[PDB]
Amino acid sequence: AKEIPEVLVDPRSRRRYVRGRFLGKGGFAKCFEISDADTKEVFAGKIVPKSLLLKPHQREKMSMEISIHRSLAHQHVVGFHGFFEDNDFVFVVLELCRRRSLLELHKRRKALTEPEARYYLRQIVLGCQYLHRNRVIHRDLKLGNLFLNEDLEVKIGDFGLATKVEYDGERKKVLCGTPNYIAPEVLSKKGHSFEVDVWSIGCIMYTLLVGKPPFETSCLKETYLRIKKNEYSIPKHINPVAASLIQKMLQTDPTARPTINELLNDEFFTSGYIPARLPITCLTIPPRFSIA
């Protein structure tokens, strides 16, 4: 079996952490609320057993993730607060996001109001703008990788498929993993860079407004044939300006898409109502956005 330790100690930083409430399993890691015994502050604790990292390549992938993720501090990126290990386990200490991800929100709400979509998309774009000037492609932007804190602020997490562009006009040929909103240039194996993230944000924009993902079928390889052919449609009730931004992002030619630093200056953002913040009720109930 090999049980997880009830207390978790960091030998370099001399910080102790009590294993609180269980949050959920993703792949290898069991995640937990964890408390500094002295500071009482709460974190998310990613906990992977080393019995699942028996392979050097699985260790290298985990090293790259930490190296990339720890190099990052931004308002709309999950804060990296440190990592450590004993003989049996690896430990990652992260910014806690108490209201889970946009996937859970979408499962409960489906199509959001337009101002809600603007609101979440502005923050995702901001977070992803910081990644891109820091030469990081995330490569798996999706609802489940987009976390919400107590104030409904977005935090991009999970740099497991992330890579760093080391030189100019470098085209990545390797992606060990399967992104959810995978770009057509990844699928056709042509080479890829930053535009991959904009593609995925366009899929996110569609899903948040329409209430279902743009290329979904019963078969994953059929989905991939739709992505290759650019085979999707926007329901007529979606406003023309929103529809138009989606179209710009969901182009096959990566050079034809807009840059991450172009996005926030689109008419969709500059000329629509963006709330400063959302009440907690928005997890469950469509906001009306009254003046009362």
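Residues carry their position along the shown sequence, with the first being 1.
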Out of 54-62 and 28-36, which stretch has the higher average CA B-factor listed in the record? 28-36
Mean C-alpha B factor from the entry: is it higher for 74-82 or for 159-167? 74-82
Sorting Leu96, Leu187, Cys128, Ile201 by Cα temperature factor from the record, which one lands on top? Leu96
Criterion, highest CA B-factor; candidates, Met205, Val90, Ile182, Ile124: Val90
Quick check on the deposited entry: does the C-alpha B-factor of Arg16 sit in the lowest, middle or highest third of its chain? highest
Can you tell me whether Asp140 has a C-alpha B-factor in the lowest, middle or highest third compared with the other modelled residues of the same chain? middle
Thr252: C-alpha B-factor third of its chain, per the entry, is the lowest
Determine, from the deposited record, the chain-internal third of the Cα B-factor for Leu209: lowest, middle or highest. lowest
Would you please rank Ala44 by its C-alpha temperature factor against the other modelled residues of its chain and give the third it falls in: lowest, middle or highest? middle
